[PDB]
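See below for the structure under consideration.
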Amino acid sequence: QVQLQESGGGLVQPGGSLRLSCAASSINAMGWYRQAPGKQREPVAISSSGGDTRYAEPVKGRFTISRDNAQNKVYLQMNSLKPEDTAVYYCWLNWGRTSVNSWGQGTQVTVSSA
Amino acid sequence: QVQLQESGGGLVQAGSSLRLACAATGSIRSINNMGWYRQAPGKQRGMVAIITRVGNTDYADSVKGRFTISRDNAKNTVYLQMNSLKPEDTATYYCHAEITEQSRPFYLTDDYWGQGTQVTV
Amino acid sequence: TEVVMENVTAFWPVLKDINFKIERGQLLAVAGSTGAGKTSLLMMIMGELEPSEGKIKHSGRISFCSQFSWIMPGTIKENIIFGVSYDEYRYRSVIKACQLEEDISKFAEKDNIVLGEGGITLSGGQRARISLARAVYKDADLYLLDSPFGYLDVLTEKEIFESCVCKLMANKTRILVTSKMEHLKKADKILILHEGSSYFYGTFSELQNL
Ligand SMILES: Nc1ncnc2c1ncn2[C@@H]1O[C@H](COP(=O)(O)OP(=O)(O)OP(=O)(O)O)[C@@H](O)[C@H]1O
């Protein structure tokens, strides 16, 4: 029974920012995935057991992931947004001894000049 | 005065089942992990299945779905229910247990092997 | 010294009066029973759990290997190198050492096989090798391994421990959670706990003298 709640979705101008929020016993890892139209799910950022923050090559030096173990919350600071980042963002959580994969519904983020 | 003892091995035809057993006798404070291994004639030793103290069961791909494992924490005996035997299953089956002697004062285990019971299919 | 601990007591008592001084590249063997405090001692070093009494002073970055193997939705290569720079030779060295070559080769897509939902689920022992691979890859100053061989066969771990903890990471500082006498026989320092309290601390010579 994961129950993942995503927030902070939107439409932004290229060079803009959005913050993403996700809210969820013993958690293995908690991060974000993205699925562009036509493409398959690709990992964006992940936070591990000791706070080891791992990022995607195209997103490195642009986004930040900050977790809250005290509230089971996770935050994606999407800065310097390019239109390539236009996809639906899925919050993920790995939990239990048996490594269960729980996925959020997904928040749409669109980077456009419009 | 710590021995691992095999049972159940021998000669069977293809498509039939077998039940192996392995008991640890002696001064045993606690045993952690137990496992069943096989060494084919000429091949290197390989695991078949392993059982933790709690009873988590990892198996080799070559046996999944057919062979089942079990352990009794009161008798210190690990079993290998070898159903639907293949001629390719023919090897010398050995037994392993991480054993803390009562003699030992710290709760730290030691690797123990069995005699190795021949299984021919 | 890369990691230190003096007069440490923890509450989530879970750890009572912890004392150790590990030098650079030394292997420390944290032993104990189920519930001794080993999985929580590493949380103290990682900063996940803050102490009540005492101080913890460590230098460099930390690489953790969870007791409970966890697979990240993606490829085998992605499970090992995500977020870290792909060094062709650092990668190959970890595969051979963590005994994943055969396991990888037996696949149609090899290290590119997808492990998510609607893909290939890996065994309890393949998950354990991919997780330890993920750890030994990540260039860190301190390596924290929490019962990495818990779901692995004794022949395989023999091959991992000696070619990974004792060869690949031989100049890196390590902390191994293990009961195995065969492993404590190799450590530079040994720490043993029971309900928090450090029942033992020192060389293997001091232990083998009991
Ligand atoms: N995530 C957690 N939150 C709160 N308390 C915890 C947590 N994990 C462990 N504990 C507490 O710590 C105690 C166990 O200590 P710990 O898990 O450090 O032992 P361990 O040495 O890792 O044992 P094992 O061999 O089972 O891994 C438990 O009784 C539990 O109350």
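Just so we're on the same page: first chain in the structure tokens is A, next is B, and so on; residues restart at 1 for each chain, and ligands are numbered from 1 in the order they show up.
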Problem set entry | Residues of chain A in strand (DSSP E or B), written as JSON, numbers by chain | {"A": [5, 6, 7, 10, 11, 12, 18, 19, 20, 21, 22, 23, 27, 28, 29, 30, 31, 32, 33, 34, 35, 42, 43, 44, 45, 46, 47, 48, 53, 54, 55, 63, 64, 65, 66, 67, 68, 73, 74, 75, 76, 77, 78, 87, 88, 89, 90, 91, 92, 93, 94, 95, 100, 101, 102, 103, 107, 108, 109, 110, 111]}
For this session: Give me, as a VMD selection string, the contact residues of chain C against chain B at a cut-off of 12 Å, counting only C-alpha atoms.
Result: chain C and resid 29 to 34 36 103 106 122 to 128 149 to 158 177 to 185 190 to 194 198 to 201 207 to 210
For this session: Would you list the residues that come within 12 Å of ligand 1? Count only C-alpha atoms and all ligand atoms and give the answer as a PyMOL selection string.
Result: (chain A and resi 25-28+49+69-70+95-97) or (chain B and resi 32+52-54+107) or (chain C and resi 10-16+30-44+48-49+66-68+145-150+176-179+192-197)
What are the nearest atom pairs, with distances in Å to one decimal, for all residues of chain C that come at most 7 Å from chain A, using only C-alpha atoms, set out by chain and rising residue number as a Markdown table?
```
| residue | atom | partner | partner_atom | distance |
| --- | --- | --- | --- | --- |
| C:46 | CA | A:50 | CA | 5.6 |
| C:48 | CA | A:50 | CA | 6.4 |
| C:64 | CA | A:50 | CA | 6.8 |
| C:68 | CA | A:97 | CA | 5.2 |
| C:69 | CA | A:99 | CA | 6.9 |
| C:70 | CA | A:99 | CA | 5.0 |
| C:71 | CA | A:99 | CA | 6.7 |
| C:82 | CA | A:54 | CA | 6.6 |
| C:83 | CA | A:54 | CA | 4.3 |
```
Residues from the last selection, C-alpha atoms, saved as an mmCIF file, in the first residue's frame:
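The resulting again.cif:
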```cif
data_model
loop_
_atom_site.group_PDB
_atom_site.id
_atom_site.type_symbol
_atom_site.label_atom_id
_atom_site.label_comp_id
_atom_site.auth_asym_id
_atom_site.auth_seq_id
_atom_site.Cartn_x
_atom_site.Cartn_y
_atom_site.Cartn_z
ATOM 1 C CA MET C 46 25.631 7.861 7.348
ATOM 2 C CA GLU C 48 20.525 8.866 9.187
ATOM 3 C CA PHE C 64 26.151 2.111 1.291
ATOM 4 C CA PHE C 68 17.795 -5.604 1.763
ATOM 5 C CA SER C 69 18.712 -5.751 -1.922
ATOM 6 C CA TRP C 70 16.679 -3.291 -3.951
ATOM 7 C CA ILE C 71 16.341 -3.120 -7.727
ATOM 8 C CA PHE C 82 23.091 5.391 -12.610
ATOM 9 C CA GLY C 83 24.153 8.884 -11.492
#
```
Problem set entry | atom CA of residue C:53 to atom CA of residue C:7, distance in Å rounded to a single decimal | 6.5 Å
For this session: Taking the chain letters and numbering used in this document, name the residues of chain C that DSSP puts in helix (DSSP H, G or I), as number ranges by chain.
Result: C: 38-46, 76-81, 88-97, 101-105, 110-112, 126-137, 154-165, 181-184, 204-207
May I have the residues within 9 Å of residue C:26 as a short mmCIF file (atom, residue, chain, number, x, y, z; two decimals) with N, CA, C and O atoms, in the first residue's frame, using only C-alpha atoms and disregarding those fewer than 6 positions away in the same chain?
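The resulting part17.cif:
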```cif
data_model
loop_
_atom_site.label_atom_id
_atom_site.label_comp_id
_atom_site.auth_asym_id
_atom_site.auth_seq_id
_atom_site.Cartn_x
_atom_site.Cartn_y
_atom_site.Cartn_z
N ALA C 170 40.72 -3.19 -1.51
CA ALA C 170 41.87 -3.37 -0.61
C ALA C 170 42.57 -2.08 -0.16
O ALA C 170 43.23 -2.11 0.88
N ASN C 171 42.43 -0.97 -0.90
CA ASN C 171 43.06 0.28 -0.48
C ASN C 171 42.00 1.31 -0.03
O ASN C 171 42.37 2.42 0.37
N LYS C 172 40.70 0.92 -0.05
CA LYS C 172 39.54 1.72 0.38
C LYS C 172 39.13 1.27 1.80
O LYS C 172 39.37 0.11 2.15
N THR C 173 38.58 2.18 2.63
CA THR C 173 38.16 1.82 4.00
C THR C 173 36.81 1.15 3.94
O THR C 173 35.90 1.64 3.26
N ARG C 174 36.67 0.02 4.67
CA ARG C 174 35.44 -0.77 4.66
C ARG C 174 34.95 -1.11 6.05
O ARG C 174 35.75 -1.22 7.00
N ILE C 175 33.61 -1.32 6.15
CA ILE C 175 32.96 -1.77 7.37
C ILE C 175 32.01 -2.88 6.96
O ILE C 175 31.01 -2.61 6.28
N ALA C 187 39.66 -9.35 8.73
CA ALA C 187 39.53 -7.96 9.18
C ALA C 187 40.80 -7.40 9.86
O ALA C 187 41.63 -8.16 10.35
N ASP C 188 40.92 -6.06 9.87
CA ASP C 188 42.00 -5.32 10.52
C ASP C 188 41.57 -5.03 11.95
O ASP C 188 42.39 -5.07 12.87
N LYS C 189 40.27 -4.73 12.14
CA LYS C 189 39.65 -4.47 13.44
C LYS C 189 38.33 -5.20 13.52
O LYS C 189 37.67 -5.42 12.49
#
```
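Residues surrounding residue B:20 within 6 Å are residues 7, 8, 79 and 80 of chain B [only C-alpha atoms; sequence separation below 6 positions excluded].
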